[PDB]
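Colleague: fold the stuff below for me.
(one chain, ligands or ions: 7)
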Amino acid sequence: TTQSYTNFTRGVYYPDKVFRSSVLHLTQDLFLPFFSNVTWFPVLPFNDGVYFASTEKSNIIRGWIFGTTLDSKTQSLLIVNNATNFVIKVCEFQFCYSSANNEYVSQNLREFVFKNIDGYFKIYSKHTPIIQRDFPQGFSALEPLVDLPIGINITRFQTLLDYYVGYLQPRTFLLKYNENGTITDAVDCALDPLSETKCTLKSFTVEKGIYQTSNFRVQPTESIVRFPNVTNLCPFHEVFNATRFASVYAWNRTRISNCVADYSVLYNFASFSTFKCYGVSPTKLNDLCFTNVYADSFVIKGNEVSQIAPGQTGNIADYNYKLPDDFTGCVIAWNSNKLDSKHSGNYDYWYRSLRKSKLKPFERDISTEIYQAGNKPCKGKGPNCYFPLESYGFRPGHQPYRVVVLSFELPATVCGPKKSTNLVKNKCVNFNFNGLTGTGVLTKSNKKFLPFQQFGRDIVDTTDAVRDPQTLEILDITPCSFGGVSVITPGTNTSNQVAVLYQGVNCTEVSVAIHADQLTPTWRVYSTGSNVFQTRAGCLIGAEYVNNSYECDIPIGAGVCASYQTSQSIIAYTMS
Ligand SMILES: *[C@@H]1O[C@H](CO)[C@@H](O)[C@H](O)[C@H]1NC(C)=O
Ligand SMILES: *[C@@H]1O[C@H](CO)[C@@H](O)[C@H](O)[C@H]1NC(C)=O
Ligand SMILES: *[C@@H]1O[C@H](CO)[C@@H](O)[C@H](O)[C@H]1NC(C)=O
Ligand SMILES: *[C@@H]1O[C@H](CO)[C@@H](O)[C@H](O)[C@H]1NC(C)=O
Ligand SMILES: *[C@@H]1O[C@H](CO)[C@@H](O)[C@H](O)[C@H]1NC(C)=O
Ligand SMILES: *[C@@H]1O[C@H](CO)[C@@H](O)[C@H](O)[C@H]1NC(C)=O
Ligand SMILES: *[C@@H]1O[C@H](CO)[C@@H](O)[C@H](O)[C@H]1NC(C)=O
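Modeller: Numbering: from 1, shown residues only. Ligands and ions are numbered 1, 2, ... in the order given. Now the structure:
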């Protein structure tokens, strides 16, 4: 009734329209992987596509049922088939139809490769008259039939009754095009060492020798996080809940340190209007640690809201407040008119707009001495001498607003909450120490760190050791294995047996990595007993050592060679 069947090598369709002839194309798409459990037939999940391939039944399978839940929900689709051919419809539908509510005809084996991507439905089909008992044997490419926009989300389907529903994954194929525009054969670039070299050479035949191929890398296992212990201070309420902040000329420089700052509380405090900033992207703030967080304050009239930014000098934002060009902070601001503005003016709401020269950024001057610019010693206003003063008068645009510019700098004190996970060590594991990211195998160090320096660098200027900021212990950041693999073949015309060579690894490390499934090359070679040899360039899998000494046929390295010799098997010997 339902058996796993893993003997299909079919389901190759035309990727596109453009004509080709007598070429070997290489393309990647969602193809059905060779030798995958399909079914041998309820509702089924629609991951990315299927390969409904029912054999002859004199048209009793009829159509299909699609949709997102198929039970009185978002619209569905039908693939009803009859003598007139397709009569497909798309609407909500209900229990069969009986209360359908809420399109054209297109004139043995019954293959389909239904695929729904980018709001388009694809019904590739091919009616192959295969009668011989060897049903799985043979090759037949599929031709597109109709593509129509459906727009609806599909994640399940039901047959409307020998079914062979399969599943689709993203893979890479090397297609063969005929002289008269057809496809004769194809090869999957994931199975065995053999059907990977034939993809890099872009040919269906290979000659004897070694062919360099892609790299191998040991994947990690889990992830850990380490943050400073706890403070629970987050004193952001003092700044943001003050009646009057300051003037533009005289402004606070509040310092914030030793707190577990939460940045999610600011979003509901007022009507923000300029919550944008540089250096660090917003909504990613609550994941990393800082060093010198500060906070300013202004009651700027509102015409210079765009003037508060790196640059944008406008003769008003150059004597009062100036930001550096490489300003790594945020310019959080909001709107306030109910309590700030008033029909009259304010004494301290002024700006010195008549100073001789602009300031270096991050500087403030309070001196109230009258400016002197006359030739003779001046006594008051009227000559070039004049004490700058404005005393701006608000009038309920022109409504004064509030600006709470921060200042970041990146020994860390201020950073957000994050769960802590106990150390594991001695495994290829991700890590997060305060603020950083990497991958390696942590272990107990043996260095002589002095009690003021945390990190540890190297000649190449790479991180080497980081102190744990909960136990005050030093560790190592050594990464784990990666390299390259080379495939040995004796020629397609002779045999189909290969060997592999993981370059430059003491491969007891990879032998255990096979069992726990950490390798990147998902394909595996038959690693039986008396079948692994440790060379000076790595280890050879699939060849057995021999005490004899012949002439070299395929040069390996370090003084050994591999040749195909007669039962027949690949052997590895020493040059002579
Ligand atoms: C293959 O699919 C069948 C479907 O019946 C399932 O039972 C079986 O466990 C699968 N085999 C795998 C995932 O190795
Ligand atoms: C796959 O298994 C089927 C089971 O019916 C068999 O007929 C077919 O020959 C097999 N194909 C192989 C082993 O390539
Ligand atoms: C498809 O779209 C509908 C309507 O917006 C939505 O409710 C549903 O979650 C989506 N389904 C899937 C499987 O993404
Ligand atoms: C189509 O291709 C086949 C296969 O090679 C060939 O025999 C046949 O002559 C071609 N038909 C043409 C060119 O009309
Ligand atoms: C600005 O100046 C002082 C300096 O200590 C600061 O503590 C205070 O919060 C600010 N004053 C007002 C009135 O906002
Ligand atoms: C961190 O806090 C825990 C809370 O139980 C405490 O036991 C531990 O000593 C603290 N560690 C340091 C280094 O202060
Ligand atoms: C490989 O590692 C094993 C186990 O630690 C060791 O006995 C052997 O000498 C190593 N081989 C080489 C070539 O370093």
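Colleague: how about the residues of the stretch 201-350 of the chain near ligand 3?
Modeller: Proximity of the stretch 201-350 of the chain to ligand 3, by C-beta under 6 Å from any ligand atom, involves no residues. To be clear about C-beta, it is placed using only N, CA and C from the backbone, and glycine gets the same treatment.
Colleague: name the nearest residue to the residue in the stretch 201-350 of the chain that ligand 5 sits nearest to, ignoring sequence neighbours.
Modeller: Using C-beta to the nearest ligand atom, residue 252 is the residue of the stretch 201-350 of the chain that sits closest to ligand 5, at 3.8 Å. The shortest distance from residue 252 to any non-neighbouring residue, by C-beta to C-beta, 6 or more residues apart in numbering, is to residue 297 (4.6 Å).
Colleague: the one you found: neighbouring residues, count only.
Modeller: Neighbourhood size, residue 297 [other C-beta atoms under 10 Å]: 21.
Colleague: that one contacts residue 245, correct?
Modeller: Yes: judged on C-beta atoms under 8 Å, residue 297 makes contact with residue 245 at a distance of 3.7 Å.
Colleague: any shared contact partners between these two?
Modeller: Applying C-beta atoms under 8 Å, 6 or more residues apart in numbering, one finds that residue 297 and residue 245 are jointly contacted by 251-252, 402.
Colleague: are any of the residues you listed buried, and if so which?
Modeller: When these are checked for burial by 16 or more other C-beta atoms under 10 Å, the buried set is 251, 402.
Colleague: ok, the shared contacts of residue 297 and residue 245 vs residue 76, which is closest?
Modeller: Proximity of the shared contacts of residue 297 and residue 245 to residue 76 was ranked by C-beta to C-beta; the top entry is residue 402 with 53.8 Å.
Colleague: list the contacts of that closest one.
Modeller: If you count contacts by C-beta under 8 Å, 6+ apart, residue 402 has them with 245, 270, 297-299, 333-334, 336, 340.
Colleague: switch the cut-off to 10 Å
Modeller: Residues counted as contacts of residue 402 (C-beta atoms under 10 Å, 6 or more residues apart in numbering) are 240, 242, 244-246, 270, 297-300, 332-336, 340.
Colleague: that one and ligand 4: what is the separation?
Modeller: The gap separating residue 402 from ligand 4 is 78 Å, by C-beta to the nearest ligand atom, to the nearest Å.
Colleague: can you give me the distance of that residue to ligand 1?
Modeller: Applying C-beta to the nearest ligand atom to residue 402 and ligand 1 gives a distance of 60 Å.
Colleague: residue 107 too?
Modeller: 36 Å.
Colleague: go ahead and confirm that residue touches residue 87.
Modeller: No: applying C-beta atoms under 10 Å, one finds residue 107 not in contact with residue 87, separated by 11.7 Å.
Colleague: return the residues of the stretch 201-350 of the chain in contact with ligand 5.
Modeller: 242, 245-246, 252.
Colleague: what residues does the protein put near ligand 5?
Modeller: So far as C-beta under 6 Å from any ligand atom goes, the chain lies against ligand 5 at 242, 245-246, 252.
Colleague: ok, and the closest non-adjacent residue to residue 239?
Modeller: In space, not counting the residues next to it along the chain, residue 239 is nearest to residue 295; the distance is 5.3 Å by C-beta to C-beta, 6+ apart.
Colleague: for the one you found, give the beta-bridge partners.
Modeller: According to DSSP bridges, the partner residues bridging residue 295 are residue 254, residue 406.
Colleague: count the neighbours of it for me.
Modeller: Neighbour count for residue 295, taken as other C-beta under 10 Å: 19.
Colleague: equivalent analysis for residue 13, please.
Modeller: A count of neighbours around residue 13, defined by other C-beta under 10 Å, yields 21.
Colleague: much appreciated, bye for now.
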